[PDB]
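Peer 1: I am attaching a structure below and will ask some questions about it afterwards.
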Amino acid sequence: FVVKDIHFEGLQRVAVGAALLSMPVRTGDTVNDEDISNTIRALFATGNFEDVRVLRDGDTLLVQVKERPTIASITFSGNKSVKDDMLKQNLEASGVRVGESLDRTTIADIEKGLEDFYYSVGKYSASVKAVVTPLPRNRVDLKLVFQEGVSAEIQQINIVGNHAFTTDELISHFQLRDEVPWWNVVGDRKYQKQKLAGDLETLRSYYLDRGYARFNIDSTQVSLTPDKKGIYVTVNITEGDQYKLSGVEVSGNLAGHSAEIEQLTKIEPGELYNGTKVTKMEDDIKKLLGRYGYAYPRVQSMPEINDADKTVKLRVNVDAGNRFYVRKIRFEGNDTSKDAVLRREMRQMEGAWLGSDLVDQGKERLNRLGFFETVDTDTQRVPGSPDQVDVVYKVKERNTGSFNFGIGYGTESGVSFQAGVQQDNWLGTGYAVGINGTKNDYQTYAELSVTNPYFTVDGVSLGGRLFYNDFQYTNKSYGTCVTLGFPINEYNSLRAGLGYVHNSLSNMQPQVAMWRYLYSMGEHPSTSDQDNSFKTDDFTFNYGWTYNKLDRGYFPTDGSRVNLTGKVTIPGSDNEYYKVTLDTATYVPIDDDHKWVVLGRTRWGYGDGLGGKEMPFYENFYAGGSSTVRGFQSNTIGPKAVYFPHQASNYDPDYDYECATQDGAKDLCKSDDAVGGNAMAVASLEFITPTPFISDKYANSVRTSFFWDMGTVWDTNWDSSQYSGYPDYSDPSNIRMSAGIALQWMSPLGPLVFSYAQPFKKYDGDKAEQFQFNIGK
Amino acid sequence: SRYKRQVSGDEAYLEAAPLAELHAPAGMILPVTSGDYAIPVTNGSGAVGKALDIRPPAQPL
Amino acid sequence: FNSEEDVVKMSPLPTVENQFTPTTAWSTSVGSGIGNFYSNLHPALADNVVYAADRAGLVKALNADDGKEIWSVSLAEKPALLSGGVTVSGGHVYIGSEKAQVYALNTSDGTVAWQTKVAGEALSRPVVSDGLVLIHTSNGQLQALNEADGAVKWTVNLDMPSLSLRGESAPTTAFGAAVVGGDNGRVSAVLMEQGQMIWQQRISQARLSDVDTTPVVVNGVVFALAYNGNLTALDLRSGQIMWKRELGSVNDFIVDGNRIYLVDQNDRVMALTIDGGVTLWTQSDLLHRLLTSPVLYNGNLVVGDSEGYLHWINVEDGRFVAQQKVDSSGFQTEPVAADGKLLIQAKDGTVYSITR
Amino acid sequence: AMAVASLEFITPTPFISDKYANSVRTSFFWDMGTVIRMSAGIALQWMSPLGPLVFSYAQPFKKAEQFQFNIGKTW
Amino acid sequence: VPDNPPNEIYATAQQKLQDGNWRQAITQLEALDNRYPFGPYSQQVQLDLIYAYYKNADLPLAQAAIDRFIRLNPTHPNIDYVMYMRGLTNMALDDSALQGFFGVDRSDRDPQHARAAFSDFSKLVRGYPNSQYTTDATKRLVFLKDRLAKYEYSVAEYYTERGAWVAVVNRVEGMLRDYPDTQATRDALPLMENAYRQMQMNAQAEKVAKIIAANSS
Amino acid sequence: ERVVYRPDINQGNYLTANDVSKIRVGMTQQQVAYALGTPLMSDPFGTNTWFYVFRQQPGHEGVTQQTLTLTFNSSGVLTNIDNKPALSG
């Protein structure tokens, strides 16, 4: 038989010609019902529909397909334990391509696939139901809906065959947990498959670090309870024996450096074997080769374990390879940022030997910009060269700027208005511009600031700032400064600058510590009534220094920090004075492991007039509160004012009663309100010891200490002789001390600080605040 | 969208400086060209700049 | 800071008048119990003495008529995780542990006879036959031990899934040959004297389908079943599948009067006819409420709840018939089919003797 | 130094059609801060091409910041 | 976005596109594309949808739609138009953000979108030299090569300040072999002369001096 | 005075005494590249000469440079050496 024509109707998804070319036998071929059935199989292989009718009644064949809704829209009823994008991408990867094809068999498949996914995440109780409805033009809409219990609690993790260490010490280092105590209840019994495997690697590493070189995790299994809501984890250990390390022998094509490689691998023959020791030792070897430019060394460490005695010798094989040169650096994704803004701060040098530590130090320094969400990196060899590498950094531009506006209200407070605009990386120039501005019923403030962190290509930052700061004692002030800050060493920053500030003090209450200054300035104000002003212009040279080699950065264990700042006015200022600050923190460990530490912090300040003028009272030093000595109200430690009686005072006697209200006092009021001194000397000695409740999962994060504080502030030219009746503020010996406890906690909501302090040594008027709280000190 | 200055079509890519190949002095030759190569001159009647109708062809199918 | 969810919505405690007044005759507290830790620690009987233990390690022997204990030993260092059914034969009580120990105790005074490490935790109850103790461990190893010494005579290894139900599958013996279950759906048998392998059979497709349940053997027919698997009957001589049912099972089953009594994964109870997977009756009542092993006592099938109740079901009729007291924190391990008696241990460490 | 910590529970206002109420939130919150004081507050939020906008009413139990309007956008 | 019983969605959407209501156009074209994916309004629709995405400045989606078209119909009779739009979409990603409003010459920012664009337009005019687009595409190519060369000079300028004299010479040599005829290469020759001189490589310094002295205006 | 902390400037090929003593008249060009590594600088203007430069500015203000210029005839055979061990400033 021969077929002369083929009939089709519909063809909604696929044209007749595409079917005929897909079919094995075609118009004009010799065919029989077996061949026609093979064409129907070809229709099924392309996958239109399974329901068909076929008729032969002549030299032409008729075939019809029963087209049925297949072109599916997908929706899910929400998802209380998986993310929407993960759900949809799992669905699409599982196979339900939106608008491709969908069938009752595929609906069963996707149900089971999502079920098995849900079981893979660990909500083994979960159920998935999928329903479809049909739509004109062969379309369907598919909804699937989920039910689940709480994901199963792991019961007792148990280790078996162990004898060197107790089971509770082994599982306590797991990230899976048997128990969550009454405290730190943030822990959870969530099984994770990938974390269980990591916990086996932690168990293996612990035994190798304890020196059981023969150790083997011979087997493990996990089990689920019948009600499908609880999990057991069991691990089998073969411990072998504890081993002693014999001296390392190093061999292979070391391209020199062999004397340093020797020094790096010398180990005394009495030490235990240790897994992290060999891996740390191997890592130094390849990093040492890297530093000299052998960017891709080959190194292997092989343990020669003995059985006749408990000794093992490490064999380390090294070859240096080629001395790769960085023939290109590229930055990709560096939209909206000047390239020099990256190249200037990335550290590895193009056209030079590849220090792989220098490439990674670049990656760190780019992150310290904060301009980028992530700094990915690659190094790739140029095709057709054995010897040369292109370094590439790939960055995601973080949205660096911020813009803010706001308003406030309340009859007891008045109108409030606030604004702000910040943009680190201004137009990508790497300048940091920042404007602020605030108004209330009384205060006005505005600030404009610019820093150019590379005024000179070596990293000399230059800054510039303007401020207006207007308050109502009434004080309108405004000014400027410009600064240069340039590092002199890795540990040792230095900076300098010039400033200008104007001050317009007015209606300040008459008091000795302030009037002494005004008389020294050659102003002779009234003492009897609160009507005065003292305008001045001032020009200053500002300097500072910062030594900082603190090891850990977060909670340093060892090292020291020393900040210094100072001011002199320059001739032409109305004020003529100088001031100096020294501000230090030394850490020294008092155990060989850095478990126990003691601090000594100190602050020293000083200032004086020059040329017979006097230091302006608004620059006076203050002490007390969390920053300085604990257990005293913030700043209240200095000498307290004594007001002159000025019964022509502020308007209303119904307010909180002033010194010399309209009906008030008539002598010098020894105040309860603190004023700073021109001199300052604070110390604290602080012992760090771990809590009774540590475990190493968090003992690094709850820095607890016992401290002794010692503070004073004094007013070096308060002429005690003339004021016989009032306590001597010129006496530096009024040292006031406190002790207490402190607890520094890094938990997610912030670097909290808790403290309680007892002022075992204080004087009249020192407002005590024993319990204190702070963040981020 | 940030590109709003660009997709509305600037003229500013015109009057870019014309290309001019360097000529070597005697006793040397310039490096051999290795990429991003000189485009064939292909001068013709095609429109340029804002005269070019960026829309899809006069019949879309 | 917290949230919770649920799926199965278990049955709302169907209940009926306690017609036969079944009630505790006596009860004793041995100590703590298994608590939340699913583990087949259950008491056992010999010569009118009932023996019971606390998963912490403490073990007692009690008189069955009145419940006063005669022993106390710790089995522990100065917890043992003592775990697995107490088994008793003649001079010796045998107990497993989740710490790879098997303990033997003297039935005359409760002194520790001997202790030997087995390959992994012995979640199976020990079983004594032919003068040997057989233990099945979670590492998939049958081990046969000398009853006077615990010395291993032979050992046999089985395939372990990457995820299982608890691998108890305690062995059984007939004609001097052992039969055992296992994970990954394997039935197997071995020669008791030497551990030679006999035929093995794959119960079903596998997705968990562990044959976690002890296979009973009667007249040469082995019955075996699995979680989401199939119940099957097997020729002890050849392992030919006599018949199957698509009914799975989850904890235990019993053959008595050549009739099959089951607990489905849906905590429903049914009896199946002599051969072929067809039900005489189904009690669909207790759905998704964890049921203990059903015990046939004095013509009534007794099953314990996850909570305090004991439910009484007719031996051949499709009737649910009685509901005893709400015993303390309910049950999670199999009662013992003692002759003319009942003994069941609650989750908390309270043991109960029941009469009607 | 300034420190603030806050916790809140949501109950959105349906004043506008669900379509526009999808871009709206209403929330009730408690906070503690040292500047030590504790406070409770009511908040309304909306989003626009201008960025996100908040209007808020609050009472500090130590009694003030009792009425605020706020905007804050990254660029 | 809307219910479209009739294909009339294409005629009114074309009117919205002619009106430049790009919002309306993309949403109605997307609806038409989703509802009539295999009719005559498919090839006829993808082109307008590409054009609407470009004018909407929705360039990541424009890339995907153009990439889809070239993959699904590599021989369409106006595929040269699709190549021109490929280059123009990639070139539109180069002039990103508010720069130029402040007068920022952003020619130093990441050139990869520019370098891609140059590949696309060069592929066009090499393939279809009779097309009307070749005049603009060649104007687009001369700007794109000068913009790349200004980038390479910018890095040569930076390493001149950092004094990484090998990094200077090795890149300005790269310009002479990859970008010889641009003005930025002619501006770079002093940096090569300087770099050779600081390295005491006077012979090369004199050679580059002979080059520049022969080619200065 | 200048005192700012520059990182170490380093540029070009690494040189050592035991690597330069490998080069002698009449070697083929691939042998030089094998002994010293690939030339990070060459004459692009159409004469086959390689400029192995080793340069450092260590620490505060020290400067050092070695230059090794190699001249090859066509087909890549070495004809002459010009080694300067220190910067002739």
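Chain labels run A, B, ... following the order of the structure tokens; each chain numbers its residues from 1, and ligands are numbered from 1 in the order shown.
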Please identify every residue of chain A that has at least one atom no more than 10 Å from any atom of chain E, counting only C-alpha atoms, and report them as a VMD selection string.

Peer 2: chain A and resid 12 to 14 99 136 to 137 139 326 to 340 343 to 344 349 to 352 427 to 429 456 to 458

Peer 1: Taking only C-alpha atoms into account, what are the residues of chain F at most 7 Å from chain B, put as a ChimeraX atom specification?

Peer 2: /F:44-46

Peer 1: Can you check which residues of chain A have any atom within 12 Å of chain F? Use only C-alpha atoms and format it as a VMD selection string.

Peer 2: chain A and resid 255 to 256 292 to 294 321 to 328 344 to 355 358 361 to 362 384 to 389 454 456 to 461 484 to 495

Peer 1: Using only C-alpha atoms, which residues sit within 10 Å of residue 84 of chain F once same-chain residues fewer than 4 positions away are excluded, as a VMD selection string?

Peer 2: chain F and resid 53 65 to 69 88

Peer 1: Considering only C-alpha atoms, return as number ranges by chain whatever protein or nucleic-acid residues lie within 12 Å of segment 49-51 of chain A, sequence-local ones (same chain, fewer than 5 positions apart) excluded.

Peer 2: A: 10-14, 40-44, 63-70, 101-103

Peer 1: Extract, using only C-alpha atoms, all DNA, RNA and protein residues at most 6 Å from segment 206-211 of chain A, discarding same-chain residues fewer than 6 positions from it, and format them as a list in words.

Peer 2: residues 242, 243, 272, 273, 274, 275 and 276 of chain A

Peer 1: If we count only C-alpha atoms, which residues of chain C reach to within 9 Å of chain A? Please list them as a PyMOL selection string.

Peer 2: chain C and resi 3-8+36-38+98-100+119-121+138-139+160-167+227+250-251+265+288+290

Peer 1: Write out as a count of residues only all residues of segment 4-58 of chain B that backbone DSSP assigns to alpha helix (DSSP H).

Peer 2: 4

Peer 1: What residues in segment 72-186 of chain C get the DSSP label strand (DSSP E)? Please answer as a count of residues only.

Peer 2: 47

Peer 1: What's around residue 301 of chain C at 9 Å? Count only C-alpha atoms, leave out sequence neighbours fewer than 6 positions away in its own chain, and write the answer as a PDB file with C-alpha atoms, in the first residue's frame.

Peer 2:
ATOM      1  CA  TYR C 261      -3.405  -9.330  63.884  1.00  0.00           C
ATOM      2  CA  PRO C 294      -1.330  -5.817  70.368  1.00  0.00           C
ATOM      3  CA  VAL C 295      -1.399  -8.633  72.937  1.00  0.00           C
ATOM      4  CA  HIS C 311      -8.056  -0.425  74.554  1.00  0.00           C
ATOM      5  CA  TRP C 312      -9.642  -3.892  74.494  1.00  0.00           C
ATOM      6  CA  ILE C 313     -10.725  -5.429  71.163  1.00  0.00           C
ATOM      7  CA  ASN C 314     -12.487  -8.734  70.511  1.00  0.00           C
ATOM      8  CA  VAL C 315     -10.293 -11.620  69.349  1.00  0.00           C
TER       9      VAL C 315
END

Peer 1: When you look at residue 13 of chain B with a cut-off of 8 Å (counting only C-alpha atoms), what residues show up, excluding the ones that are within fewer than 6 positions of it in the same chain? I need them as a PyMOL selection string.

Peer 2: chain E and resi 139-140+143

Peer 1: Residues as selected, C-alpha atoms, written as a PDB file, in the first residue's frame, can you do that?

Peer 2:
ATOM      1  CA  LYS E 139      29.951  55.968  13.926  1.00  0.00           C
ATOM      2  CA  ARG E 140      29.125  53.867  17.026  1.00  0.00           C
ATOM      3  CA  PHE E 143      33.269  56.296  19.428  1.00  0.00           C
TER       4      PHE E 143
END

Peer 1: Define the interface residues of chain E facing chain B as those within 6 Å, counting only C-alpha atoms, and report them as a PyMOL selection string.

Peer 2: chain E and resi 43-44+55+92+96-97+132-133+135-136+143+177-178+181-182

Peer 1: Pick out the closest residue to residue 56 of chain F from this set: E:117, E:199, E:205, E:137. Count only C-alpha atoms.

Peer 2: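 Of all the options, E:199 lies closest to residue 56 of chain F.
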
Peer 1: Residues of chain A within 12 Å of chain D, counting only C-alpha atoms - could you list those as a VMD selection string?

Peer 2: chain A and resid 398 to 427 440 625 to 627 634 748 to 753 769 771 to 777

Peer 1: Which residues of chain D sit at most 12 Å from chain C, using only C-alpha atoms? Give each one's shortest atom pair and distance in Å (one decimal place), in chain and ascending residue order, as a Markdown table.

Peer 2:
| residue | atom | partner | partner_atom | distance |
| --- | --- | --- | --- | --- |
| D:7 | CA | C:1 | CA | 10.9 |
| D:8 | CA | C:1 | CA | 11.6 |
| D:9 | CA | C:1 | CA | 11.3 |
